[PDB]
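Notes to accompany the following structure.
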Amino acid sequence: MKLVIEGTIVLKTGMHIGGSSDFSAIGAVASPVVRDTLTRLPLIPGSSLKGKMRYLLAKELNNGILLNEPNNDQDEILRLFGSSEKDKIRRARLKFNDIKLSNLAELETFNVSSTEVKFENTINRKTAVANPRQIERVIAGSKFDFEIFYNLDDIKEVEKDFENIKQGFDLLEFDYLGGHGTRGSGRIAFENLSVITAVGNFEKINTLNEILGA
Amino acid sequence: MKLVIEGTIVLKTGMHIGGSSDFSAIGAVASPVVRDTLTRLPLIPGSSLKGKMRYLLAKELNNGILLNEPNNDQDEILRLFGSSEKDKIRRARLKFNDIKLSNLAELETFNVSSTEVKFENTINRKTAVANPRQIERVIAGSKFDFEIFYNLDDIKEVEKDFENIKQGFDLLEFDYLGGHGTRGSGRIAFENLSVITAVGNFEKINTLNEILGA
Amino acid sequence: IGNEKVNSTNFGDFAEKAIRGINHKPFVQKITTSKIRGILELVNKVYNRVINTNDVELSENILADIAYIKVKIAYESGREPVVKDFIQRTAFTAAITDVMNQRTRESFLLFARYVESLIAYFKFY
Amino acid sequence: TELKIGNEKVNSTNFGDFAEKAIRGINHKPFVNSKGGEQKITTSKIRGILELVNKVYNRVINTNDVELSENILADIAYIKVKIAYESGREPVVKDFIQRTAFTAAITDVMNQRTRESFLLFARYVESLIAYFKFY
Amino acid sequence: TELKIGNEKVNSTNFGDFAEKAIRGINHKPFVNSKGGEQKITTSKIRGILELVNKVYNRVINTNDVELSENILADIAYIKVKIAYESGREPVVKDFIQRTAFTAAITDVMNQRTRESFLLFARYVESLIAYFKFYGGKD
Amino acid sequence: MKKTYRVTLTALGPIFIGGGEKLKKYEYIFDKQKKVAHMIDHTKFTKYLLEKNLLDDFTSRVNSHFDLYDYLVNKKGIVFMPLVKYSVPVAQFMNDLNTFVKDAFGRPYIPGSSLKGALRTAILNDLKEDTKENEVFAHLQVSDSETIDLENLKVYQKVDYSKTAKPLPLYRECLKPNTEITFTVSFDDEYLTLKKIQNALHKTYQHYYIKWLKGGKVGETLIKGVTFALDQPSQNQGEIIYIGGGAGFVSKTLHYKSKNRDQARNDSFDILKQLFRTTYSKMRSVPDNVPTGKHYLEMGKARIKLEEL
């Protein structure tokens, strides 16, 4: 059996993220947002949210100190996000996906575009010389629907694994997702977290919604 | 009698796959995608799809527990995907094919090239230093027309075979097809699934094309 | 891909020759790097608007912003003579009328790369 | 496949030795800022030069035909004008490009608009990076 | 058919001996890293060097021509600049490319543009990976 | 370890931030004796000039100088004003207005990077050579403000003061005083605490007031010299950070200890010898003006409250 964690990522700040192969202009934005090439929708990579969730959980399940390789984590992380030690390779139960924008219709109903440009600089403390930059963030208020797949491979650890998944979500509510997040961007919040099964009926499926919907 | 299973693999996510056999520049895309060497338009190898579909059916049809070798799968998996056991060997009923990128006209109508470059990195936990990588994924929404030949040996077993093939396609729709799948690449989706006869007319082609076109 | 004789593969050469025609034959104090920078900071906002835009045909709002760019560059041209010297010497407003006469995406991208090349070779000299 | 730089036709084979002696020229005879000081080019700006160049390279390797499309020529001349801007910013980058004749190579690749010339030019810039990091 | 390594030429009879001698030069006196400890080159970097020369080896052996093509020599000089790049990245690779004189051998095949020179250099590198895995490895 | 707070900014003086926009003398600005400055939205105005006398209104807008703030919406027939974005009160004692930072929704806000840079200048009072590779500020996480309302803004006109309060032709839409601005700020307690923030802030403010500000306040105190009297020694509680609404050179630079007059003469030589005319120490400060009577408040000084979670 295989479980699907479907939710929604509402942005409460900018969350500039990623890098592109596109050129910039001379006086313009440098380092634009990572976007899907076909739809030209701003995008959250599955790698970015997976890495930030794994860093937030692994720091929390090891009580605050996290100074080790990702193959040195606790096993209740390694059976979620995978491992590649030489002998005990653990297949990841979680399968993240690239999270595209979902509410461009809402933002063009509110008569704005999907992204902004943010003007910034640094100051020197000798000559007070400035060094301007522009960073292209997605605007706040834009949703990001996602479908994380969960391999239901053991039934005895699924409850505490989904407790771990909810804790990784809620630690990501308290911390930025990507880009210049320590300077006031990237604050994310989760809406309508839910679980459905791929094909079939999981008997212990209502209480997994009771863990996520909490 | 010979039947041809044909359809389309659209990509909902990136799907980096394969390795070259090609030099890479210094600040540039390491690990390029496999391409069909003449046109050098990106390719799904038939081996990779066979391996992942075989893994998924042999895992699922067992009970969900798979640790055996490919020659110790079920009699159904050895019936379709072939086996090499020393005494009572089986011919593979399905012959997979290399799958080329098909809808290049629709991707050039959007004026985007067929492969993008996804900028990723890892962060050291101990020293907080980074390490960027650039990988070459195919772009999402880029269909992959395929066809698979089915060696029809007995009439009294073909319906269960095609039900299991559709089960493998539905399992493959909930995982990735190759590359860095847990980080948000590889997610596929099968559409336009149909079955035609190679020569002559099968007695019951309606109940087989009903199963895949459900 | 016309943009007033400026081909897509020679916009930098056109800007380079135009600004070698600028710094040779100068006017009397020189041109400051600030007003050309203001021209760039006017064009780059609608450059940011167009660079992510899907469709080929530009919208009304884009051409309206381009028109008020014409009004603004006419304001510093009427206010200062070195500015109108730049607008007639480097064929800027002819390029803007060409942008609103084509109204295609690549026309405005070529025009943005041209004014970009103008400020690049102004920094180079 | 030929690429005439200043006096030296660099072909598809001797790009590495010429980039090596071009980097070794700046060493043991470095730039003076006119202030008296102690200066040489950083690695961030030179790898910015490479990742300007490589934004076209990894799209050229999609293409099998040896005739480059005019948007790729637009992007190559756009690389040339951005290199002109960055050389206009600081005299260190200007002296680097004047010494290791990037401007001559980019004029040659804009002259002969073929796939092989751009791949050789990208190899020349890449070997310039490699021997800067080696030395 | 020779290949000057430092000044000691290797032919098709005494290159594996000097590859093993160079491995025992690198082993038993490994690279101190200015941090204090001694490090040796990982297996992934050295197999990257091996696949770097094998991207040309796959295209050399299937040709009979004793004079190398201009595309093959282009990739051999590209191998040289790439090895010079990785040697500038971490000094543990630099000590390996110095003591097993990879750059001097790759110059020698860059000078005498003949197929037997690249075949001898490829067997030298392949023997060098072989003695890296055999002598003093983790396996 | 991960001490989250809620930094509440109460603007004592005017607070102005960034914008990237320089609204011109004629561009969407109208001020008259009712003392409002409506800003007209951008593309709707020119798409409405599309449908009536296009080339005529373009020629009028370029050749109606030296007057377009009220002149061409009164003697032309543009007397109707429904194209506003919002109103804002003004302050006299003429053009080129700057703009507060807005999102794509247009609500003003303070980016968290500005407050982080202000707090970085506060913490770096001690250890001025706090190097390129700092480890404190990888943990000090600041966030974006609440999107405050459009009625906490008022357009000010800056003034500089050496011997007379000289008007300057720069207009900036700052924040009203006593405006409550909500943030959140987090860091690890291995490297910094809130008490460290409070003593660092107090040290920065006392070093700014003493030996450059009060030493230049005991000089040139005239009938335009002396809300704005001292504001330091009444309550040291509710400490002060400067958010960069043109606060000045002294706020941005920080080499304090132990330079008392060496700081003043080096600042005077550095600023004056490279930019403009050379005068004596001190140069000037920068208050604001708002009538009826000008009140002379210093830009950027604010109030700070920290509460857990």
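If you're wondering about the labels, chains in the structure tokens are A, B, ... by order shown, residues count from 1 in each chain, ligands from 1 in order shown.
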_Taking only C-alpha atoms into account, find every residue of chain E that has an atom no more than 9 Å from chain D, and write it out as a PyMOL selection string._
chain E and resi 70-71+73-78+80-89
Got a sec: who's within 8 Å of residue F:20, counting only C-alpha atoms, leaving out chain neighbours fewer than 2 positions off, as a PDB file with N, CA, C and O atoms, in the first residue's frame?
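In the end it all went to out-v6.pdb:
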```
ATOM      1  N   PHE A 119      14.593  45.140  -3.576  1.00  0.00           N
ATOM      2  CA  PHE A 119      15.803  45.934  -3.688  1.00  0.00           C
ATOM      3  C   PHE A 119      16.542  45.882  -2.362  1.00  0.00           C
ATOM      4  O   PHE A 119      15.928  46.020  -1.302  1.00  0.00           O
TER       5      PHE A 119
ATOM      6  N   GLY F  18      13.720  52.329   2.052  1.00  0.00           N
ATOM      7  CA  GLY F  18      13.909  51.894   0.675  1.00  0.00           C
ATOM      8  C   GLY F  18      13.021  52.372  -0.453  1.00  0.00           C
ATOM      9  O   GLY F  18      12.836  53.572  -0.659  1.00  0.00           O
ATOM     10  N   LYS F  22      11.514  56.650  -7.411  1.00  0.00           N
ATOM     11  CA  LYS F  22      11.737  58.083  -7.251  1.00  0.00           C
ATOM     12  C   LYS F  22      10.633  58.794  -8.023  1.00  0.00           C
ATOM     13  O   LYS F  22      10.773  59.057  -9.221  1.00  0.00           O
ATOM     14  N   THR F  99       9.724  56.697  -2.026  1.00  0.00           N
ATOM     15  CA  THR F  99       8.602  55.796  -1.825  1.00  0.00           C
ATOM     16  C   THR F  99       8.947  54.778  -0.747  1.00  0.00           C
ATOM     17  O   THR F  99      10.069  54.277  -0.676  1.00  0.00           O
ATOM     18  N   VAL F 101       8.672  51.075   1.037  1.00  0.00           N
ATOM     19  CA  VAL F 101       8.753  49.747   0.438  1.00  0.00           C
ATOM     20  C   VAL F 101       7.388  49.087   0.491  1.00  0.00           C
ATOM     21  O   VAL F 101       6.753  49.023   1.548  1.00  0.00           O
TER      22      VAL F 101
END
```
*Can you pull out every residue within 8 Å of residue C:11, counting only C-alpha atoms, but drop anything in the same chain fewer than 6 positions away, and send it as a PyMOL selection string?*
chain C and resi 110+113-114+117
*Do a neighbour search on stretch 185-196 of chain F at 7 Å with only C-alpha atoms, toss out local chain neighbours closer than 3 positions, and write the hits as a VMD selection string.*
chain F and resid 1 to 7 136 139 to 143 199 to 200
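As for atom CA of residue F:39 and atom CA of residue C:45, they are spaced 18.4 Å apart.
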*Enumerate, as a ChimeraX atom specification, the complete set of residues in stretch 28-93 of chain E that a backbone-based DSSP assignment places in helix (DSSP H, G or I).*
/E:43-60,70-89,91-93
With N, CA and C atoms kept, could you save the residues just selected as a short mmCIF file (atom, residue, chain, number, x, y, z; two decimals), in the first residue's frame?
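Output saved as selection.cif:
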```
data_model
loop_
_atom_site.label_atom_id
_atom_site.label_comp_id
_atom_site.auth_asym_id
_atom_site.auth_seq_id
_atom_site.Cartn_x
_atom_site.Cartn_y
_atom_site.Cartn_z
N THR E 43 38.50 6.69 -3.28
CA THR E 43 38.32 5.83 -4.45
C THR E 43 37.43 6.49 -5.50
N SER E 44 36.54 7.40 -5.10
CA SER E 44 35.64 8.00 -6.07
C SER E 44 36.36 9.00 -6.96
N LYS E 45 37.28 9.77 -6.40
CA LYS E 45 38.06 10.71 -7.20
C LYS E 45 38.99 9.98 -8.17
N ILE E 46 39.62 8.90 -7.71
CA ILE E 46 40.56 8.18 -8.56
C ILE E 46 39.81 7.41 -9.65
N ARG E 47 38.59 6.94 -9.36
CA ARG E 47 37.80 6.32 -10.41
C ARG E 47 37.19 7.36 -11.33
N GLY E 48 37.06 8.60 -10.85
CA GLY E 48 36.72 9.69 -11.75
C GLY E 48 37.83 9.98 -12.74
N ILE E 49 39.08 9.93 -12.28
CA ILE E 49 40.24 10.05 -13.17
C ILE E 49 40.27 8.90 -14.18
N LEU E 50 39.97 7.69 -13.71
CA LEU E 50 39.94 6.53 -14.59
C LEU E 50 38.84 6.64 -15.65
N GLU E 51 37.64 7.08 -15.27
CA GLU E 51 36.61 7.23 -16.30
C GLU E 51 36.88 8.44 -17.19
N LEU E 52 37.65 9.41 -16.68
CA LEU E 52 38.06 10.54 -17.50
C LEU E 52 38.96 10.10 -18.64
N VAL E 53 39.90 9.19 -18.36
CA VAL E 53 40.70 8.69 -19.48
C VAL E 53 39.96 7.61 -20.26
N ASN E 54 38.93 7.00 -19.67
CA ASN E 54 38.23 5.95 -20.39
C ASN E 54 37.20 6.51 -21.36
N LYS E 55 36.79 7.76 -21.19
CA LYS E 55 35.95 8.39 -22.21
C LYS E 55 36.68 8.57 -23.53
N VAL E 56 38.01 8.60 -23.50
CA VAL E 56 38.82 8.59 -24.71
C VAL E 56 39.21 7.17 -25.10
N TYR E 57 39.47 6.31 -24.10
CA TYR E 57 39.85 4.92 -24.35
C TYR E 57 38.74 4.16 -25.07
N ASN E 58 37.48 4.52 -24.83
CA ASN E 58 36.39 3.88 -25.56
C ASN E 58 36.39 4.25 -27.03
N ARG E 59 37.01 5.37 -27.39
CA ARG E 59 37.04 5.83 -28.77
C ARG E 59 38.39 5.61 -29.44
N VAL E 60 39.41 5.18 -28.71
CA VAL E 60 40.72 4.95 -29.28
C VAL E 60 40.89 3.51 -29.76
N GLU E 70 42.32 14.43 -34.63
CA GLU E 70 42.38 15.74 -34.01
C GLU E 70 41.33 15.87 -32.92
N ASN E 71 40.25 15.09 -33.02
CA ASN E 71 39.24 15.11 -31.97
C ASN E 71 39.71 14.35 -30.74
N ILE E 72 40.50 13.30 -30.94
CA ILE E 72 41.02 12.52 -29.82
C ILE E 72 42.06 13.32 -29.04
N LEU E 73 42.96 14.00 -29.76
CA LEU E 73 43.97 14.84 -29.11
C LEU E 73 43.35 16.03 -28.41
N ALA E 74 42.24 16.53 -28.93
CA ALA E 74 41.49 17.59 -28.27
C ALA E 74 41.00 17.12 -26.90
N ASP E 75 40.48 15.90 -26.84
CA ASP E 75 40.01 15.36 -25.58
C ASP E 75 41.16 14.97 -24.66
N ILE E 76 42.33 14.65 -25.21
CA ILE E 76 43.49 14.37 -24.36
C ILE E 76 44.01 15.65 -23.71
N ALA E 77 44.05 16.76 -24.46
CA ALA E 77 44.42 18.03 -23.84
C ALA E 77 43.33 18.52 -22.90
N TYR E 78 42.08 18.16 -23.18
CA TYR E 78 40.99 18.50 -22.28
C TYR E 78 41.07 17.70 -20.99
N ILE E 79 41.51 16.45 -21.08
CA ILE E 79 41.83 15.63 -19.92
C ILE E 79 42.93 16.29 -19.09
N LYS E 80 43.95 16.82 -19.77
CA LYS E 80 45.04 17.50 -19.07
C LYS E 80 44.55 18.74 -18.31
N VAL E 81 43.72 19.58 -18.95
CA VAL E 81 43.25 20.77 -18.25
C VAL E 81 42.25 20.41 -17.16
N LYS E 82 41.52 19.30 -17.32
CA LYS E 82 40.59 18.91 -16.28
C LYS E 82 41.32 18.34 -15.07
N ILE E 83 42.37 17.56 -15.32
CA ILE E 83 43.21 17.03 -14.25
C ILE E 83 43.92 18.17 -13.53
N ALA E 84 44.34 19.19 -14.28
CA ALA E 84 44.92 20.37 -13.66
C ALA E 84 43.89 21.15 -12.86
N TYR E 85 42.62 21.07 -13.24
CA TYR E 85 41.58 21.69 -12.43
C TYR E 85 41.37 20.95 -11.11
N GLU E 86 41.23 19.62 -11.17
CA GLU E 86 41.02 18.85 -9.94
C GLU E 86 42.25 18.89 -9.03
N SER E 87 43.43 19.02 -9.62
CA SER E 87 44.64 19.16 -8.81
C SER E 87 44.67 20.51 -8.10
N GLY E 88 44.01 21.52 -8.67
CA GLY E 88 43.92 22.80 -7.98
C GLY E 88 42.82 22.84 -6.94
N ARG E 89 41.92 21.86 -6.96
CA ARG E 89 40.80 21.86 -6.02
C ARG E 89 41.24 21.42 -4.63
N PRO E 91 44.50 19.44 -2.47
CA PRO E 91 45.91 19.05 -2.64
C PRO E 91 46.15 17.56 -2.51
N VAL E 92 45.19 16.79 -1.98
CA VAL E 92 45.35 15.34 -1.91
C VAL E 92 45.35 14.75 -3.32
N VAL E 93 44.57 15.35 -4.22
CA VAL E 93 44.66 14.99 -5.63
C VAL E 93 45.96 15.49 -6.22
#
```
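Ranking F:294, F:284, F:116, F:224 by their shortest atom-to-atom distance to chain A, with only C-alpha atoms included, puts F:116 first.
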*asked:* Report as a ChimeraX atom specification all protein, DNA and RNA residues lying within 8 Å of stretch 20-31 of chain E, evaluated on only C-alpha atoms, omitting residues in the same chain fewer than 4 positions from it.
replied: /E:16,38-40,92,95-96,99-100,127-128,131-132,135-136
Keeping only C-alpha atoms, write those residues as a PDB file, in the first residue's frame.
```
ATOM      1  CA  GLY E  16      53.078  -1.618 -14.333  1.00  0.00           C
ATOM      2  CA  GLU E  38      47.812  12.270   6.737  1.00  0.00           C
ATOM      3  CA  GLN E  39      45.232  11.658   4.030  1.00  0.00           C
ATOM      4  CA  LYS E  40      45.064   9.525   0.913  1.00  0.00           C
ATOM      5  CA  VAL E  92      45.349  15.345  -1.914  1.00  0.00           C
ATOM      6  CA  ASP E  95      50.049  15.013  -4.467  1.00  0.00           C
ATOM      7  CA  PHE E  96      48.649  12.034  -6.379  1.00  0.00           C
ATOM      8  CA  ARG E  99      53.885  11.483  -7.446  1.00  0.00           C
ATOM      9  CA  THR E 100      52.149   9.389 -10.104  1.00  0.00           C
ATOM     10  CA  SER E 127      47.417  -0.558 -13.849  1.00  0.00           C
ATOM     11  CA  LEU E 128      47.666   2.354 -11.426  1.00  0.00           C
ATOM     12  CA  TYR E 131      47.527  -1.352  -7.748  1.00  0.00           C
ATOM     13  CA  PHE E 132      45.603   1.310  -5.831  1.00  0.00           C
ATOM     14  CA  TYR E 135      48.001  -2.489  -2.374  1.00  0.00           C
ATOM     15  CA  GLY E 136      46.966  -0.669   0.769  1.00  0.00           C
TER      16      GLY E 136
END
```
Please produce, as CSV, a per-residue contact table for chain A versus chain D (criterion: any atom at most 8 Å away, only C-alpha atoms considered), showing the nearest atom pair and its distance in Å to one decimal, sorted by chain then residue number.
```
residue,atom,partner,partner_atom,distance
A:21,CA,D:55,CA,5.9
A:22,CA,D:55,CA,7.3
A:23,CA,D:55,CA,7.6
A:26,CA,D:82,CA,7.6
```
*Counting only C-alpha atoms, which of F:282, F:25, F:34, F:61 gets nearest to residue C:70?*
F:61
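Counting from atom CA of residue F:201, the distance to atom CA of residue F:127 is 14.0 Å.
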_Contacts from chain C to chain B, 12 Å maximum, only C-alpha atoms: show me the residue list as a PyMOL selection string._
chain C and resi 53-56+106
*Do you know which residues are at most 12 Å from residue C:12 counting only C-alpha atoms, after dropping those on the same chain fewer than 4 positions away, and could you put them as a ChimeraX atom specification?*
/C:6-8,16-19,110-122 /D:73-85,107,110
*Taking only C-alpha atoms into account, what are the residues of chain A at most 7 Å from chain B, put as a list in words?*
residues 18, 19, 21, 37, 38, 45, 46, 47, 50, 66, 67, 68, 69, 94, 95, 96, 97, 98 and 153 of chain A
*Can you tell me, as a ChimeraX atom specification, what residues are no more than 7 Å from stretch 104-107 of chain E when counting only C-alpha atoms, ignoring any on the same chain fewer than 6 positions away?*
/E:3-6,80,121
Expected file: the selected residues, N, CA, C and O atoms, as a PDB file, in the first residue's frame:
```pdb
ATOM      1  N   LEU E   3      57.434   6.708 -22.910  1.00  0.00           N
ATOM      2  CA  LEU E   3      56.611   7.746 -22.290  1.00  0.00           C
ATOM      3  C   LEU E   3      57.384   8.271 -21.084  1.00  0.00           C
ATOM      4  O   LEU E   3      57.433   7.610 -20.045  1.00  0.00           O
ATOM      5  N   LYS E   4      57.988   9.451 -21.224  1.00  0.00           N
ATOM      6  CA  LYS E   4      58.854  10.015 -20.189  1.00  0.00           C
ATOM      7  C   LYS E   4      58.008  10.422 -18.990  1.00  0.00           C
ATOM      8  O   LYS E   4      57.105  11.253 -19.114  1.00  0.00           O
ATOM      9  N   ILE E   5      58.282   9.822 -17.829  1.00  0.00           N
ATOM     10  CA  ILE E   5      57.486  10.099 -16.640  1.00  0.00           C
ATOM     11  C   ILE E   5      58.093  11.242 -15.837  1.00  0.00           C
ATOM     12  O   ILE E   5      57.498  12.314 -15.743  1.00  0.00           O
ATOM     13  N   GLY E   6      59.255  11.046 -15.228  1.00  0.00           N
ATOM     14  CA  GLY E   6      59.983  12.226 -14.811  1.00  0.00           C
ATOM     15  C   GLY E   6      61.163  12.459 -15.719  1.00  0.00           C
ATOM     16  O   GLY E   6      61.269  13.468 -16.423  1.00  0.00           O
ATOM     17  N   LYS E  80      43.952  16.822 -19.769  1.00  0.00           N
ATOM     18  CA  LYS E  80      45.037  17.504 -19.066  1.00  0.00           C
ATOM     19  C   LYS E  80      44.547  18.736 -18.309  1.00  0.00           C
ATOM     20  O   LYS E  80      44.885  18.921 -17.133  1.00  0.00           O
ATOM     21  N   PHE E 121      49.716   4.873 -22.164  1.00  0.00           N
ATOM     22  CA  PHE E 121      49.301   5.720 -21.049  1.00  0.00           C
ATOM     23  C   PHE E 121      48.018   5.209 -20.404  1.00  0.00           C
ATOM     24  O   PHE E 121      47.856   5.281 -19.181  1.00  0.00           O
TER      25      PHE E 121
END
```
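Pairwise distance (atom CA of residue B:212, atom CA of residue B:53) equals 15.3 Å.
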